[PDB]
Amino acid sequence: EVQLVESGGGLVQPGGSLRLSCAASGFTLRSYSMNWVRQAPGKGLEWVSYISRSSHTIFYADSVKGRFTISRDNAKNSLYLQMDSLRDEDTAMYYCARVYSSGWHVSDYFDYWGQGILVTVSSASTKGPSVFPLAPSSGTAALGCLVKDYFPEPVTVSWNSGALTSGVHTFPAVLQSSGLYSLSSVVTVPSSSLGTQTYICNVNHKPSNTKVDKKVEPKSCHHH
Amino acid sequence: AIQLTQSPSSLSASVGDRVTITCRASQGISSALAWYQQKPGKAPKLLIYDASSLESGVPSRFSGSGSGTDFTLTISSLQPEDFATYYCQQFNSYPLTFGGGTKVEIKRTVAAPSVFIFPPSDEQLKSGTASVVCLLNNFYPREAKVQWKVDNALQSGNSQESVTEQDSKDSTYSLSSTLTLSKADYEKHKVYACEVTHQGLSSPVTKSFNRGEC
Ligand code: NI
Ligand code: NI
């Protein structure tokens, strides 16, 4: 398995610095020219920077020209991007991308991509999410979890440790007017199986090492 | 730089239809074009290089044609899992540039949403804020209206929507609408209603609750 494993994104304040590194395995990096490609949330693909096998030739897109530095450690089979004076327009998913290598002929289309790491440039701080149940009321009933007030992206929601996938819908996040993200995750289940089967949504939010679970049950009313 | 113009931006197309996306270059690039498929979230997958050569492992309904300035990506029989944004890029010269993309959406028969409504959990109310959540479940088309009525008055500019990706089997969406207000404003009222207008429903559907009623 040829893989490109990238790491080191995160959240920084405007003007800060980050280094993205992409670790190549199952092939020798020195054989290929390497690119960075990025993507703003819900926008197109923008090419970022190029580097020769030899570290001989580097190119930059005008947006990043004097701020980003592409580099290469072939002995570590790794590709780097230093990102100085980061800005709002730099927030995006960053892809480490391998160009096809033929000798004769030209072929700078992408053979293999990394999975992408996220870079967020914001003045807002890493907050972890509060998780609330969307309780099933009263032959299908729906239930879920409200993952509210976190930063930055992403979270991921599973159900019963991943043992429940059928009929699950995890919604894209929205930015609340407060500047924090919020999303819902829901599942429809047979209502005859309501009071017998336990439902636990497993929320994970890496950017703050917050991992919350929650038992979703219908609300009986023994109060005051 | 070389600019690439893709037509169209969005596509509606029934399963089994032939779909054709174009990509016009600002200058002759000969055969140096690639097509990619991007499922949202995941990285782009390479479909076609050198204008028309298929990448290994790509189903044959995908085909490339064109030379010099005008190029075409073609899906001869659109499958339900083909929903994706598709990009062309030129490798004639650096900087490498992409088209703006084409969002491909599957057309299917009208399906009315199942509506649900979820009152704020007690825990959330304990922290002084109230989220009411309405669900529209497994519907088509994406076009739906969700109106919030609190004690029978229509709410404006205090709620947000989110739509799932088209489902890769039945081609249906799901929508969540969240109403948000302070524990104070939430406690001034009794009836919380979610009214949904959608093509597959002959007349609006309202799900609702009165505050804390098992
Ligand atoms: Ni030289
Ligand atoms: Ni009481």
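The PDB entry lists chain B under the name CNTO7309 light chain, from Homo sapiens. The record lists the entry's title as "Crystal structure of anti-NGF antibody CNTO7309".

With the PDB entry as reference, chain A is termed CNTO7309 heavy chain, source organism Homo sapiens.

A. Local environment of the environment of A:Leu143. Within the secondary structure, A:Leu143 is located in strand 13 (residues 140-150). Distance in space between the C-alpha atoms of A:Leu143 and A:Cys201 is 10 Å, their sequence separation being 58 residues. Setting aside residues up to four positions removed in sequence, A:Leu143 forms contacts with A:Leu134, A:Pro136, A:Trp159, A:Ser185, A:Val186, A:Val187, A:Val189, A:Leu194, A:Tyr199, A:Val216 and B:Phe118.

B. Summary view of the nonpolar core. Core analysis: the biggest nonpolar cluster contains 27 residues, and A:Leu20, A:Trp36, A:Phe68, A:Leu79, A:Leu81, A:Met83 and A:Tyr94 have the highest contact counts within it. Excluding anything up to four places from it in sequence, A:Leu79 contacts A:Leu20, A:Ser21, A:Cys22, A:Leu29, A:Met34, A:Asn35, A:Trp36, A:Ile51, A:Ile70, A:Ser71 and A:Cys96.

C. Examining the domain arrangement of chain B more closely. All names here are of chain B. Domain annotation of chain B identifies domain 1 (1-107) and domain 2 (108-214). The partner domain 2 presents 8 residues to the 8 residues of domain 1 that form the contact. Together domain 1 and domain 2 conceal approximately 710 Å² of surface at their shared face, both sides included; 47% is due to carbon and sulfur atoms. When the buried surface of domain 1 facing domain 2 is broken down by residue, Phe-83, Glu-105 and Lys-107 rank first, second and third, together holding 55% of it. Our enumeration of links across domain 1 and domain 2 arrives at 0 salt bridges. Seen at the junction of domain 1 and domain 2, the total is 4 residue pairs in polar contact. For the side of domain 1 that touches domain 2, the leading source of residues is strand 11 (residues 102-107), giving 3 residues. Of the residues contributing to the side of domain 1 that touches domain 2, the split by class is 4 nonpolar, 1 polar and 3 charged.

D. Main features of the sheet that holds strand 1 (residues 3-7) of chain A. Residue and element names in this part refer to chain A. With respect to topology, 4 strands assemble into an open sheet ordered 1-3-8-7, the strand pairing being antiparallel. A single partner strand is all that each edge strand has here, and the edge strands are strand 1 and strand 7 (68-73). Strand-to-strand, the axes of this sheet are offset by a mean angle of 15°, without reference to chain direction. Taken together, the 6 bridges between strand 7 and strand 8 (residues 78-83) define a ladder with antiparallel strand orientation. Its bridge partner being in strand 8, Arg-72 is matched across the sheet by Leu-79.

E. Molecular detail of the interface of chain B and chain A. Chain B puts 38 residues into the contact, and the matching count from chain A is 44 residues. Taken together, the residues of the side of chain B that touches chain A sort by class into 19 nonpolar, 15 polar and 4 charged.

Basis of the calculations
- Residue positions are given from 1 per chain in written sequence order; they need not agree with the entry numbering, and residues without coordinates are hidden.
- Here chains are named by letter from A upward and ligands by number from 1 upward, in the order in which they appear as written.
- Hydrogens are left out, water is left out, and the side-chain values use all remaining heavy atoms of the structure.
- Residues with missing side-chain atoms are left out of burial classes, side-chain pairs and their counts.
- The secondary structure listing takes helices from DSSP runs of H or I that are at least 4 residues long and strands from runs of E that are at least 2 residues long, numbered from the N terminus.
- In what follows, a contact means two residues having at least one pair of non-hydrogen atoms within 4.5 Å.
- The criterion is simple. A nonpolar core is a set of buried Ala, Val, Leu, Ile, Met, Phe, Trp, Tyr and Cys residues joined through side-chain atoms within 4.5 Å.
- Burial status follows relative accessibility: with a 1.4 Å probe on protein chains alone, a residue under 20% of its type maximum counts as buried, one over 50% as exposed, and anything between as partly exposed.
- Domain delimitation in this document rests on an assignment produced automatically or drawn from a domain database.
- Put simply, buried area is the surface a 1.4 Å probe can reach on two separate parts but cannot reach once they are joined, added for both.
- The salt bridge criterion pairs a side-chain nitrogen of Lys or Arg with a carboxyl oxygen of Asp or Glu, the two atoms within 4 Å.
- Each polar contact in these results corresponds to two N or O atoms within 3.5 Å; when the atoms are within protein, one needs to be able to donate a hydrogen and the other to accept it, and residues that are neighboring in sequence are counted only if both atoms are side-chain atoms.
- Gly is placed with the polar residues, together with every amino acid not listed as nonpolar (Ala, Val, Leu, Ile, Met, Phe, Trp, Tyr, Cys and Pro) or charged (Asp, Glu, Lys and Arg).
- Criterion used throughout: strands pair if DSSP finds at least two bridges between them.
- Only the stretch in contact is used when fitting a helix axis, every axis being a line fitted to C-alpha atoms; angles between N-to-C directions are given from 0 to 180 degrees.

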